[PDB]
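Numbering (the authors' numbering), first residue to last: 88 to 277, 281 to 284, 286 to 351, 355 to 419, 427 to 451.
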Ligand SMILES: CC(=O)NCCc1c[nH]c2ccc(F)cc12
Ligand SMILES: CC(=O)NCCc1c[nH]c2ccc(F)cc12
Ligand SMILES: *[C@@H]1O[C@H](CO)[C@@H](O)[C@H](O)[C@H]1NC(C)=O
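The following block contains the structure:
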């Protein structure tokens, strides 16, 4: 089990001003550290955040968090469940800032909520350095869904923080799961429920959201929403990043207004979505993109079962490690399906 630690700097807070925190399991015979960012949508105005506080409060507050959590999937310490990194030091960082891990604003006389996702990551890293992270050789920043986009927004900031603090030997890398979205034309179009790009644009202003500096300089003021889309922010990053994304991701289809007898118009829409996603990954050398309709993530216990071209995700991640010690015989790292319909890969989740 991973044990809860609330942040010693209690000014770094969840939405309601309670302290943020992290869950930790140490592995004293290991110099590898895995820091995982939880997901769970976001909120972008007072009324929408007030609703989230009533029925999704664990994503806005630490008041009700449990003392322990069990590590699963890539966070498991059992080699049978986690062939990749079972002996690593494991860290799970709860998502309680509702800002896609981008915020840097405190609760004040003008702000009903605090949005501190970017500062939470920095404070966790700072406090772990006194608990053994100072001895690491690799820090893998991973995350799923909103946490996967959070990896893209924050991995280079962690690298810069460790360099400025005096630890240039720690190699910082990223693993972004299910956070690589397209700002595409929707299948049907039209408050909250009526487009993601406009909700993110309003969110950034509400949260005082921050994006990586090279991407910010490309798109400039007012246009920072572009950096929340993987295919636009990825080329600006310097740390190595491995991208995991279903070709027919369920969250992508939901915001495209698709809810699964499929007739011709919808058939062509779904096929075009898969081809566009595959196209965005052509110049991403470390990636895993199966032709499945799914919302499942890499902290699930059966994450080892899916394969692309006969290679599982734990294997591809192992080959990525070897590559960062020119392709490797029988040890591939770029794995993108080419078949054009959900479940054309027989290994897709049931
Ligand atoms: C599903 C969707 O709306 N995707 C387009 C907006 C977007 C970009 N990165 C995200 C991370 C989490 C999230 F909830 C949304 C986003
Ligand atoms: C997932 C998501 O937010 N897609 C919508 C992006 C969008 C906003 N305005 C548009 C106008 C034309 C177009 F092709 C796309 C757009
Ligand atoms: C706590 O964190 C905030 C936000 O990063 C920082 O400004 C402040 O200096 C920190 N306090 C201490 C005592 O380290």
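For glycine and all other residues, C-beta sits at the position ideal for the given N, C-alpha and C.
| Asked | Found |
| --- | --- |
| For residue 378, which residues from the same chain have a beta carbon less than 6 Å from its beta carbon, with the 5 sequence-adjacent residues on both sides left out? | 334 |
| Which same chain residues end up closer than 6 Å to residue 178 when comparing Cβ atoms and leaving out the 5 residues on each side of it in sequence? | 109, 111 and 122 |
| Quick one: what does DSSP say residue 225 is sitting in, helix, strand or coil? | strand |
| Closest to residue 221 by C-alpha separation, out of 203, 252 and 199, would be which residue? | 252 |
| If you count every other CB in all the chains shown that lies within 10 Å of the CB of residue 100, and 16 or more means buried, which is it? | buried |
| Mapping the DSSP letters down to three states, classify residue 436 as helix, strand or coil. | strand |
| Please report the straight-line C-alpha distance between residue 400 and residue 164, rounded to a whole angstrom. | 20 Å |
| Which residues have a Cβ closer than 7 Å to any heavy atom of ligand 3, listed in chain order? | 96, 98, 99, 206, 209 and 210 |
| Tell me the DSSP bridge mates of residue 177? | 112 and 121 |
| Along the beta strand (DSSP E) that carries residue 249, what are the first and last residues, could you check? | No beta strand (DSSP E) contains residue 249, which is instead part of the alpha helix (DSSP H) from 233 to 252. |
| Could you name the residues of the same chain whose beta carbon sits closer than 8 Å to that of residue 119, not counting the 5 residues immediately before and after it, in chain order? | 172, 174, 175, 176, 223, 224, 225 and 227 |
| What do you get for residue 89, buried or exposed, if any count of 16 or more other CB atoms within 10 angstroms of its CB means buried? | buried |
| Just reading off the beta strand (DSSP E) that residue 381 is part of, what are its end residues? | 381 to 383 |
| Does the distance between the C-beta of residue 287 and the nearest non-hydrogen atom of ligand 1 fall short of 6 Å? | yes |
| Enumerate in chain order the residues of its own chain whose CB-to-CB distance from residue 267 is below 6 Å, with the five nearest sequence positions on each side excluded. | 321, 334 and 336 |
| Is residue 346 near ligand 2, in the sense that its beta carbon is under 6 Å from a heavy atom of that ligand? | yes |
| Based on the DSSP secondary-structure assignment, which residues constitute the bridge partners of residue 263? | 230 and 334 |
| When DSSP builds the beta bridges, which residues end up paired with residue 402? | 405 |
| From which residue to which residue does the alpha helix (DSSP H) around residue 369 run? | 358 to 374 |
| What is the residue span of the beta strand (DSSP E) that residue 90 lies within? | 89 to 93 |
| Considering only DSSP beta bridges, list what residue 300 is partnered with. | 190 |
| Just how far apart, CA to CA, sit residue 323 and residue 235? | 15 Å |
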